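One line per chain: the protein sequences are C and Y, in this order.
The first sequence begins at 310 in the UniProt record's numbering and counts up by one.
The second sequence begins at 310 in the UniProt record's numbering and counts up by one.
Quick reminder that beta carbons are idealized off the backbone N, C-alpha and C, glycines included.
Number of protein chains: 2
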Amino acid sequence: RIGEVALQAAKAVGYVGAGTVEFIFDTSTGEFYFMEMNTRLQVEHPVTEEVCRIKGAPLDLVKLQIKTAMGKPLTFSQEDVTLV
Amino acid sequence: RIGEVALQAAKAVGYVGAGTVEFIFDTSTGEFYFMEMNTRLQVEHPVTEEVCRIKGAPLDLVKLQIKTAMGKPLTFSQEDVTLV
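Structure follows, in structure tokens:
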């Protein structure tokens, strides 16, 4: 679900490339509320990489951003990506 | 290459669903020239199916057409499909 909310916001403003949506969460309430988003690659990009593989292959975040600039379209759905 | 030519024509007119582009070819010339296209599912659909697999799974042409009508987007690039 975190994804469905995040994709709605990025589509609404229109977005190309890589980015990060930030939330704020309370355990007692159990719900997440939007706080801020950054339209820029974070410093924490290589961290999230260790917990995601696409089509069984290692993921490179910067690679795609160059390929995104290339104009080529993607090759994978949200599905091909799995955490490990 | 047959693909690159076919995709150009379908994009130019705009197209949704399944279709077939027909060519005419001379061995002596070695080049293919456009003759006609049909904007309709052929009768020969199950034939081409035996020579194409997507993500290693059996392909169902009619299935996708319902899923295309569903509004869901695809899950595979031109690559995932291989002949066998």
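- DSSP places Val330 of chain Y inside the beta strand (DSSP E), whose first and last residues are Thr329 to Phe334.
- The straight-line gap separating the alpha-carbon atoms of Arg362 of chain Y and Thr391 of chain Y is approximately 5 Å.
- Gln387 of chain Y and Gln317 of chain Y have their C-alpha atoms roughly 15 Å apart.
- Exclusion of the five residues before and after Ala315 of chain Y leaves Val330 as the residues of its chain whose Cβ lies within less than 6 Å of its Cβ.
- For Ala366 of chain Y, the closest of Y:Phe332, Y:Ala327, Y:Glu313 and Y:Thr384 by C-alpha to C-alpha distance is Y:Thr384.
- Legend: CB atoms of the stretch 361-392 of chain C lying less than 7 Å from CB atoms of chain Y belong to residues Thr384, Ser386 and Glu388.
- Contact annotation: the stretch 319-328 of chain Y touches the stretch 342-359 of chain Y, with at least three C-beta pairs closer than 8 Å.
- In this structure, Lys364 of chain Y sits near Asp389 of chain Y, with a CB-CB distance shorter than 7 Å.
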